[PDB]
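# enclosed are the sequence and the experimentally obtained structure.
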Amino acid sequence: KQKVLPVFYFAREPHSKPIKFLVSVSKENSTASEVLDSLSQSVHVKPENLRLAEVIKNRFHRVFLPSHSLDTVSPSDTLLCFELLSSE
């Protein structure tokens, strides 16, 4: 459940600057989304607003993947950068 990823995502906030949030989350025994859910809720937007997961290492880049075993403890691991249109 622990892997510290700060992500850089364009937040649908009051229109402050794009929001990078450090969420430490992994795919629990249920879903990969729980990490995504973290970013969106951090922005006070519905979960739908961010998903893009790209790995940093020999594993170069990617997209926000389904419940993934890559939930190991690695800080520089797959980043998301997404913008959706939504706001609460």
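In hand now; what should we look at? Residues are numbered from 1 along each chain as shown.
# run a quick neighbour tally on residue 69.
Counted by other Cβ atoms under 10 Å, the residues lying close to residue 69 total 9. For every residue, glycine as well, the C-beta is placed using N, CA and C.
# list the residues that contact the residue nearest to it when sequence neighbours are not counted.
Nearest non-adjacent residue to residue 69, counting by Cβ to Cβ, 6 or more residues apart in numbering: residue 27, 7.4 Å away. Contact partners of residue 27, counting by Cβ atoms under 8 Å, 6 or more residues apart in numbering, are 34-35, 67-71.
# which helix or which strand is home to residue 27?
Following DSSP states H and E, one finds residue 27 outside all helices and strands.
# same deal with the one 10 residues further on?
Using DSSP H and E, the element containing residue 37 is helix 33-42.
# what comes into contact with that helix?
5, 7, 9, 19, 21, 23, 25-28, 46-51, 64, 67, 71, 80, 86.
# at which residues are the strands of the protein located?
Secondary structure of the chain, counting by DSSP state E: strands at 4-9, 19-24.
# and the first one, what's buried?
Same thing as strand 4-9. 5, 7, 9 (16 or more other Cβ atoms under 10 Å).
# distance of the last one relative to residue 58?
It stands for residue 9. Distance of residue 9 to residue 58, computed by Cβ to Cβ, to the nearest Å: 24 Å.
# cool, and residue 42?
Distance from residue 42 to residue 58, counting by Cβ to Cβ: 29 Å.
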